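Engineer: structural data only, the sequence is not supplied:
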């Protein structure tokens, strides 16, 4: 089997991407944020505290003939941005892009933090990291990918995110029309439950490539590129008037600037992030200070290849017995 779904930016900055997902029978279509940095499929629901719902579409298990309470199971998750959610668990049929899983754990939120409530466009998350990070207790649950894997033509999914445009998530096949050149595969460590890999270095603009190992995660659920402070300082030093602002919470730059590209290494291959991908616009409406898309990881504890980086590539998440990541230009 295979599946193929379009993913759409939620706003004009590509802050996140949503993908329609069918849950239950008859189908209830929710727009979920596919997150390769977490392992829970959770949704706004008929159980979510009413004051915490503001425009989201909700899953109502009582209206699904295939929903079953997963008795006693609870979940609670906290993300790297400080947001959180928790609740109870149903099993139900879940389809993405024509690929169906029966018996998928659908984590129904009873509580969500303010950042979720305030984002009316995101109806929940679909985690695509390793199932070792799933938060359901007392019986840990599998991701949609892990449940689908045995049915798929190839044990892979691909992320092809757009810059200010829709893109595609494919399951079970690699669309050879969706990228240019060849795919470069690199080793993955699953020891922390992430798609963790080691980049071979970087370049700023037209500068020379610096060969250096940068361990980090491929995380579709993170907007920006978070890298070591040395690398980030080297990038922003090439932009007149850029500075790190403790008041704003990262590097800002004059909106009048033209940003350089940023290149990262994948083995002997190179992925180039155009400068415009690194512009996240005014810090507040009408400001002439703009927020940067490359930020320091120093306060996180991990480097994160978020959407700024991943949208510059066709990315293969290879879930074979020995997992690997692949990157191609496009």
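Structural biologist: Cool, got the structure. Numbering: from 1, shown residues only.

Engineer: ranges for the helices of this protein?
Structural biologist: Secondary structure of the chain (DSSP state H): helices located at 114-118, 144-148, 229-236, 307-310.

Engineer: most packed of those helices?
Structural biologist: helix 307-310 (a mean of 26; mean count of other Cβ atoms under 10 Å). For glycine as for every other residue, the C-beta is placed from the backbone atoms N, C-alpha and C.

Engineer: and it, what does it pack onto?
Structural biologist: strand 269-273 (3 or more Cβ pairs under 8 Å, 6 or more residues apart in numbering; DSSP states H and E).

Engineer: could you pull out the buried residues of the strand it packs on?
Structural biologist: 269, 270, 271, 273 (16 or more other Cβ atoms under 10 Å).

Engineer: bridging residues for the first one?
Structural biologist: Legend: beta-bridge partners of residue 269 under DSSP bridges are residue 266.

Engineer: how close does it sit to residue 205?
Structural biologist: To residue 205, residue 269 is 19 Å away according to Cβ to Cβ, to the nearest Å.

Engineer: quick one, which of the helices of the chain gets closest to residue 13.
Structural biologist: For these, the distance to residue 13 is smallest for helix 307-310, at 10.2 Å, taking Cβ to Cβ.

Engineer: which residue is nearest the middle of this protein?
Structural biologist: In the chain, the residue lying closest to the centroid (Cα atoms, centre = their mean) is residue 220, at 1.7 Å.

Engineer: tabulate the helices of the chain in a markdown table, adding columns for distance to residue 85.
Structural biologist: Shown next, in a markdown table, are the helices of the chain (distance: least, Cβ to Cβ, whole Å):
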| stretch | distance to residue 85 |
| --- | --- |
| helix 114-118 | 6 |
| helix 144-148 | 17 |
| helix 229-236 | 30 |
| helix 307-310 | 21 |
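
Engineer: out of those, flag the one nearest residue 174.
Structural biologist: Closest among these, once you apply Cβ to Cβ, is helix 144-148, at 14.8 Å.

Engineer: what packs against that closest one?
Structural biologist: Using 3+ Cβ pairs under 8 Å, 6+ apart, helix 144-148 is in contact with strand 99-112.

Engineer: now do the strand it packs on: distance to the chain's middle.
Structural biologist: 18 Å (Cα atoms, centre = their mean, to the nearest Å).

Engineer: mind listing what's buried in that strand?
Structural biologist: Quick answer for strand 99-112 (16+ other Cβ under 10 Å): 99, 101, 104, 105, 106, 107, 108, 109, 110, 112.

Engineer: can you give me the neighbour number for the nearest residue to residue 117 once chain neighbours are set aside?
Structural biologist: Among residues not flanking residue 117 along the chain, residue 52 sits closest, at 4.8 Å (Cβ to Cβ, 6 or more residues apart in numbering). By other Cβ atoms under 10 Å, 17 other residues sit near residue 52.

Engineer: before we move on, back to that, now the buried residues of strand 99-112 as TSV including distance to residue 39?
Structural biologist: As requested, these are arranged in TSV below (distance: Cβ to Cβ, whole Å):
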residue	distance to residue 39
99	18
101	15
104	13
105	10
106	14
107	11
108	17
109	16
110	19
112	18
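
Engineer: and the residues you listed, which two are furthest apart?
Structural biologist: 99 and 110 (28.5 Å).

Engineer: show me where the stretch 201-330 of the chain has strands.
Structural biologist: 210-218, 225-227, 243-245, 250-254, 262-266, 269-273, 279-282, 289-292, 294-296, 303-305, 314-318, 324-328 (DSSP state E, counting those that start in this stretch).

Engineer: would TSV of those strands with distance to residue 44 be doable?
Structural biologist: Shown next, in TSV, are the strands of the stretch 201-330 of the chain (distance: least, Cβ to Cβ, whole Å):
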stretch	distance to residue 44
strand 210-218	26
strand 225-227	28
strand 243-245	34
strand 250-254	29
strand 262-266	35
strand 269-273	33
strand 279-282	26
strand 289-292	28
strand 294-296	29
strand 303-305	25
strand 314-318	26
strand 324-328	31
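
Engineer: hang on, the earlier thing: surely the residue nearest to the centre of the chain meets residue 19?
Structural biologist: No: applying Cβ atoms under 8 Å as the test, residue 220 and residue 19 come out as separate, 10.0 Å apart.

Engineer: need the residues touching each of those two.
Structural biologist: residue 34 (Cβ atoms under 8 Å, 6 or more residues apart in numbering).

Engineer: still on that earlier bit, so who does the residue nearest to residue 117 touch?
Structural biologist: So residue 52 contacts 109, 111, 112, 116, 117 (Cβ under 8 Å, 6+ apart).

Engineer: ok, these vs residue 140, which is closest?
Structural biologist: residue 109 (18.3 Å).

Engineer: ok, that closest one touching residue 87?
Structural biologist: Yes: if you go by Cβ under 8 Å, residue 109 and residue 87 touch, sitting 4.4 Å apart.
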